[PDB]
Amino acid sequence: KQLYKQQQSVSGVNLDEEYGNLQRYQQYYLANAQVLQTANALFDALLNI
Amino acid sequence: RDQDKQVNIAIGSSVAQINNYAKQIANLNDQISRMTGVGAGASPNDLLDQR
Amino acid sequence: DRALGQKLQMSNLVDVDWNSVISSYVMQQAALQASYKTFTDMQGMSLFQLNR
Amino acid sequence: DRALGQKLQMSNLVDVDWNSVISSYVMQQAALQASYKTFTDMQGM
Amino acid sequence: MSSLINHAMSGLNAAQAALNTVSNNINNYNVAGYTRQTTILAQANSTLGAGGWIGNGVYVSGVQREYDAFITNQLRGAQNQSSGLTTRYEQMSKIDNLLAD
């Protein structure tokens with residue numbers, strides 16, 4: 001049992017760091033999408049000229 | 001006994017990726033020098049990071 | 001009687017002292033939930049506030 | 001007493017340990033909740 | 001250049017892929033045999049314009065397996081003993097139970 005748990009320590013999903021990561025990367029994805037809209041406004045202004 | 005043996009395996013594992021790391025740093029030297037050669041002072045951000 | 005004394009001394013060397021451990025257990029439980037709350041809420045508000 | 005021994009030896013094979021299964025049951029329920037939250041977020045995209 | 005949109009699409013794709021990976025860490029969780037998988041990120045390739053920090057975006061450089069050999073292999077023998085000596089004791093119990101009283 002001890003050695004199985006020692007294997008799990010490295011291998012086993014810890015479920016906390018991953019959950020926090022899930023949030024962290026949603027933020028990143030939103031950051032990307034919004035940035036696209038800004039470039040859209042930029043070439044909108046250029047087009048409207 | 002066997003866990004000291006496995007400590008010996010870990011030593012080889014450590015050396016194993018050291019070789020390749022050194023190799024890619026050599027490649028990075030090559031490319032960074034080349035890019036500055038053409039760059040006139042401008043250089044690649046990404047390669048300076050990677051080094 | 002000597003044996004009883006000996007196992008008493010053994011105990012001494014190894015204590016549950018149930019009450020101390022579970023009191024600090026509750027303290028740590030509250031601290032844990034507090035820290036997690038900090039992470040979730042703060043991180044959260046700041047994300048969609050900043051993205052906007 | 002022979003029959004008693006047989007009776008318990010059968011339990012060794014067939015029976016289920018309540019504690020292990022209930023623990024795994026709760027843990028997998030938590031895993032389900034995790035998977036469902038994952039899905040609803042990813043679909044939120 | 002189409003850089004303006006391309007930066008965003010690169011980052012968006014990379015984020016989505018990393019999302020899949022972290023999910024894969026979640027979706028399995030309980031099932032034995034799995035090991036946690038971790039992800040790599042790095043800059044985009046050098047269509048460097050004319051030099052300088054024209055990095056053009058990002059990409060995910062695959063996923064890594066958190067895996068081992070010198071405790072992984074060492075695990076098999078311990079499991080072997082667990083079965084064998086446990087069984088030696090367990091069979092004797094098969095008998096002593098009958099004949100003890």
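Read-outs: derived from the displayed coordinates by stated rules, not from any lab. Cβ placement follows ideal geometry from the backbone for every residue including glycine, while neighbour counts extend to all protein chains displayed.
At q = 0.17, 0.18, 0.30 Å⁻¹ the log10 of I(q)/I(0) for chain B amounts to -0.61, -0.64, -1.03, computed by Debye summation with a single uniform scatterer per C-alpha, solvent ignored. Charges were assigned to the Cβ only: +1 to each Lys and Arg, -1 to each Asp and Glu. The resulting dipole of the protein assembly as shown about its Cα centre is roughly 420 debye. Spin-label pair B:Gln24-B:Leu48: with each label point 7 Å from Cα along the Cα-Cβ axis, the two points sit 2.1 nm from one another. By the Kirkwood approach, averaging reciprocal distances over each pair of separate Cα atoms, the protein assembly as shown gets a hydrodynamic radius of 26.2 Å.
Ignoring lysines fewer than eight residues from A:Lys5 along the same chain, the ones with Cα atoms less than 22 angstrom from its Cα are B:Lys5.
Axis of helix B:2-39 versus longest Cα principal axis of chain B: the two differ by about 10°, to the nearest ten degrees.
Helix E:3-28 against the longest principal axis of chain E: what's the angle in degrees, Cα atoms only, rounded to the nearest 10? Taking Cα atoms only, the helix is inclined about 10 degrees.
Estimated purely from DSSP H runs of n ≥ 4, each contributing -39500 (n - 2.57), the mean residue ellipticity at 222 nm for chain B is -30000 deg cm²/dmol once divided by its residues.
In this calculation the C-beta distance from E:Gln16 to A:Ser9 is compared with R0 = 30 Å, giving a FRET efficiency of 0.50. Computed from the Cβ-Cβ distance with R0 of 22 Å, the FRET efficiency linking D:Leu13 to E:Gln81 stands at 0.45.
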